[PDB]
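**Q** Take a look at this one; I'll ask things after.
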Amino acid sequence: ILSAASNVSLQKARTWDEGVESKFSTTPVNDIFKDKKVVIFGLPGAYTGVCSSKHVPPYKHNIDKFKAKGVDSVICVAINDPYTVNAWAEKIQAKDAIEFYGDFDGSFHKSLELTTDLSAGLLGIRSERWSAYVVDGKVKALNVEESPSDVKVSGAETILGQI
Amino acid sequence: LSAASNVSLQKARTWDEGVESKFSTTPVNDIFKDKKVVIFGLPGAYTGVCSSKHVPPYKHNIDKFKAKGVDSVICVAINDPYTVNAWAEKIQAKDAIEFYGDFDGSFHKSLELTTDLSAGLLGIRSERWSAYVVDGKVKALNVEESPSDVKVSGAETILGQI
């Protein structure tokens, strides 16, 4: 726990991905942010509110503009097991354009203090809706929606204008 | 205090739906009270051999169940209700089987049916089980030895126990 803001995300956590493929390997956060320009956005979770409606698409549609700015990878993370994140990623044909990761522990977001209680909505403790541009592990730009159901500042359009 | 042949009736509640705003939840009484219920739980939506060998058999024998007087056949899992639904739709299992969620895990925790599946990248989930409950009392209980096995919680078995 330590409010993300413009610091070094590098905390010994790790995230997931796949589609029920047996080995269960996971990706250390270093392999994701070290020596790379990363655009990453998180959301309440697969199959929820306005995630798979207004949040994800914009990133897929501007995948080129991102790479044009030198972005190494554009990733979507969510506190969902990697198998559901994938089912969902397939459903909205967002894979191949955006790298989807899971954070079933919620440990990734917990280390950045980006978890919020969405038990009223019938989802457990989840992540807030955010986006950030991280260079070699350092947060150059951070956007956290005031309300997880809003897509006012974590959209692709915004972060893009910040790189 | 694991489940065995007792009264499931514990003040918990389960879910369902498909991102429809009201967020109502179903009290366990409304589910088991005065009814013959066949219920089976599994590790979770989009996992191992759940949506492959476990669910189908129940859908395919939905008639035989009702023939025996079963009021409802339900599938429960520690997944939010929106994912359970996405999954239920995907495997065209709805309309045949009532799918519920247990995001709290509270339902299974009260029956001591939770197991740690962190190695498989799923959090704390439920074991793979099936049970026939009459007016809240467990007349038959089947808990797989290993959550990945479908040896005793299948539809075929529970059916032969009603």
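So the protein sequences, as listed, match chains C and A. As numbered in PDB author numbering, residues 9 to 171 make up the first sequence, in order. As numbered in PDB author numbering, residues 10 to 171 make up the second sequence, in order. Positions of the beta carbon are idealized from the N, C-alpha and C atoms, including for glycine.
Whose Cβ in chain C lies nearer than 7 Å to the Cβ of A:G57?
**A** Residue numbering aside, residue 57 of chain A sits at position 48 when the second sequence is read from its first letter. By Cβ distance, chain C contributes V28.
**Q** Kindly list, in the order they appear in chain B, the residues whose Cβ is closer than 8 Å to that of A:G129.
**A** This model lacks chain B altogether, as its protein chains are C and A.
**Q** With a threshold of 8 Å between beta-carbons, can C:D89 be considered close to chain A, or not?
**A** Looking up residue 89 of chain C in the first sequence gives position 81. Yes, its Cβ sits closer than 8 Å to a Cβ of chain A.
**Q** Unbroken beta strand (DSSP E) runs of length 3 or more, entirely within the stretch 71-106 of chain A: which are they?
**A** The qualifying runs are 81-86.
**Q** Expressed to the nearest angstrom, what Euclidean distance is found between the alpha-carbon atoms of A:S61 and C:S11?
**A** As a position in the second sequence, residue 61 of chain A is number 52, starting the count at 1. As a position in the first sequence, residue 11 of chain C is number 3, starting the count at 1. Going by the C-alpha atoms only, they are around 43 Å apart.
**Q** Judging by CA-CA distance, which residue of A:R137, A:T92, A:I100 is the nearest neighbour of A:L122?
**A** Counting from one through the second sequence, the residue named residue 122 of chain A turns up at place 113. Cα-wise, what sits closest to A:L122 is A:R137.
**Q** Can you give me, in chain order, the residues of the stretch 93-119 of chain A that have a beta carbon less than 9 Å from any beta carbon in chain C?
**A** Listed by position, the residues of the stretch 93-119 of chain A near chain C (Cβ gap below 9 Å) are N94, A95, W96, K99, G110, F112, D113, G114.
**Q** Identify each residue in the stretch 39-56 of chain A for which the Cβ-Cβ distance to at least one residue of chain C is less than 9 Å, and report them in chain order.
**A** So the close ones are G53, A54, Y55, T56.
**Q** Contact check, A:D80 vs A:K44 under 8 Å by CB: the rounded distance?
**A** Within the second sequence, the letter at position 71 stands for residue 80 of chain A. Within the second sequence, the letter at position 35 stands for residue 44 of chain A. Confirmed, about 4 Å.
**Q** On the premise that A:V28 lies in contact with C:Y55, defined as a C-beta separation below 8 Å, what is that separation, rounded to the nearest angstrom?
**A** Taking the first residue of the first sequence as 1, we reach residue 55 of chain C at position 47. Taking the first residue of the second sequence as 1, we reach residue 28 of chain A at position 19. Right, the Cβ-Cβ distance comes to about 7 Å (below 8 Å), so this counts as a contact.
**Q** Would you call the CB atoms of C:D89 and C:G110 closer than 8 Å?
**A** Stepping through the first sequence from its first residue, residue 89 of chain C is reached at position 81. Stepping through the first sequence from its first residue, residue 110 of chain C is reached at position 102. Result yes, Cβ atoms of C:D89 and C:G110 sit closer than 8 Å.
**Q** Which full runs of the beta strand (DSSP E) of 3+ residues lie inside the stretch 23-59 of chain C, going along the chain?
**A** Entirely contained in the stretch 23-59 of chain C, the beta strand (DSSP E) runs reaching 3 residues are, in chain order, 45-50.
**Q** Using 8 Å for Cβ pairs, my map puts C:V46 next to C:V161. What's the rounded Cβ distance?
**A** Residue 46 of chain C sits at position 38 when you count from the first residue of the first sequence. Residue 161 of chain C sits at position 153 when you count from the first residue of the first sequence. That belief does not hold up - the Cβ atoms of C:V46 and C:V161 are roughly 18 Å apart, past 8 Å.
**Q** Do C:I106 and C:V82 have their CB atoms nearer than 8 Å?
**A** Start at 1 with the first residue of the first sequence, and residue 106 of chain C comes out as number 98. Start at 1 with the first residue of the first sequence, and residue 82 of chain C comes out as number 74. Yes. Within cutoff.
**Q** Any chance you could list the alpha helix (DSSP H) runs of at least 4 consecutive residues sitting entirely within the stretch 113-138 of chain C, in chain order?
**A** Listed in chain order, they are 115-120.
**Q** Examine chain A for any beta-carbon lying closer than 8 Å to the beta-carbon of C:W138, and answer yes or no.
**A** Residue mapping note: residue 138 of chain C aligns to position 130 of the first sequence, counting from 1. False, the Cβ-Cβ gap to chain A never drops below 8 Å.
**Q** Excluding sequence positions up to five away, which residues of its chain have a Cβ less than 7 Å from the Cβ of C:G145?
**A** Start at 1 with the first residue of the first sequence, and residue 145 of chain C comes out as number 137. Cβ within range, chain order: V16, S17, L18, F41, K42.
**Q** When burial is assigned at 16 or more other CB atoms within 10 Å of the CB, is C:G169 buried or exposed?
**A** Within the first sequence, residue 169 of chain C is the residue found at index 161, counting from 1. It counts as exposed.
**Q** Report all residues from its chain with a CB closer than 8 Å to the CB of C:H69; omit the five preceding and five following residues, and keep chain order.
**A** Indexing the first sequence from 1 puts residue 69 of chain C at position 61. For C:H69, where only same-chain residues beyond five positions count, the Cβ hits under 8 Å are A164.
**Q** If distances are taken between C-alpha atoms only, which option among A:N151, A:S157, A:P156 comes closest to residue 2 of chain A?
**A** Outside the displayed range of chain A (10 to 171) lies residue 2 of chain A, so it cannot be described from this structure.
**Q** Considering only DSSP beta bridges, list what A:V161 is partnered with.
**A** Residue mapping note: residue 161 of chain A aligns to position 152 of the second sequence, counting from 1. Beta-bridge pairing links A:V161 to no other residue.
**Q** Determine whether the beta carbon atoms of A:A21 and A:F112 lie at a separation below 8 Å.
**A** Position 12 of the second sequence, counted from the start, is the residue given in the question as residue 21 of chain A. Position 103 of the second sequence, counted from the start, is the residue given in the question as residue 112 of chain A. No, the Cβ-Cβ distance between A:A21 and A:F112 is not below 8 Å.
**Q** Residues bridged to C:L150 by DSSP?
**A** As a working note, residue 150 of chain C is residue 142 in the first sequence. Answer is C:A140.
**Q** Give a yes or no on whether the minimum CB-CB distance between C:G132 and chain A is below 8 Å.
**A** In the first sequence, residue 132 of chain C corresponds to position 124, counting from 1. At least one chain A Cβ lies under 8 Å of C:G132.
**Q** Can you name the start and end residues of the alpha helix (DSSP H) that A:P66 belongs to?
**A** By one-based count along the second sequence, residue 66 of chain A stands at place 57. Taken as a continuous stretch (DSSP letters only), the alpha helix (DSSP H) holding A:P66 covers 64-69.
**Q** Any idea what DSSP makes of C:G145, helix, strand or coil?
**A** What you label residue 145 of chain C is simply residue 137 of the first sequence in a count that begins at 1. Three-state result, C:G145: coil.
**Q** Going straight from the alpha carbon of C:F49 to that of A:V159, what length do you get?
**A** Within the first sequence, residue 49 of chain C is the residue found at index 41, counting from 1. Within the second sequence, residue 159 of chain A is the residue found at index 150, counting from 1. Each residue's Cα considered, the two are about 38 Å apart.
**Q** Check each candidate in C:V93, C:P65, C:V64, C:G132 and name the one with the smallest Cα separation from C:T23.
**A** Taking the first sequence and counting its residues from 1, the one referred to as residue 23 of chain C is at position 15. Of the candidates C:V93, C:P65, C:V64, C:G132, the one whose C-alpha sits nearest the C-alpha of C:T23 is C:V93.
**Q** What's the gap between the Cα of C:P65 and the Cα of C:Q101?
**A** Position 57 of the first sequence, counting from 1, holds the residue named residue 65 of chain C. Position 93 of the first sequence, counting from 1, holds the residue named residue 101 of chain C. Taking the straight line from one Cα to the other gives about 9 Å.
**Q** Could you compute how far the alpha carbon of C:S157 sits from the alpha carbon of A:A13?
**A** Taking the first residue of the first sequence as 1, we reach residue 157 of chain C at position 149. Taking the first residue of the second sequence as 1, we reach residue 13 of chain A at position 4. Cα to Cα, C:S157 sits roughly 42 Å from A:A13.
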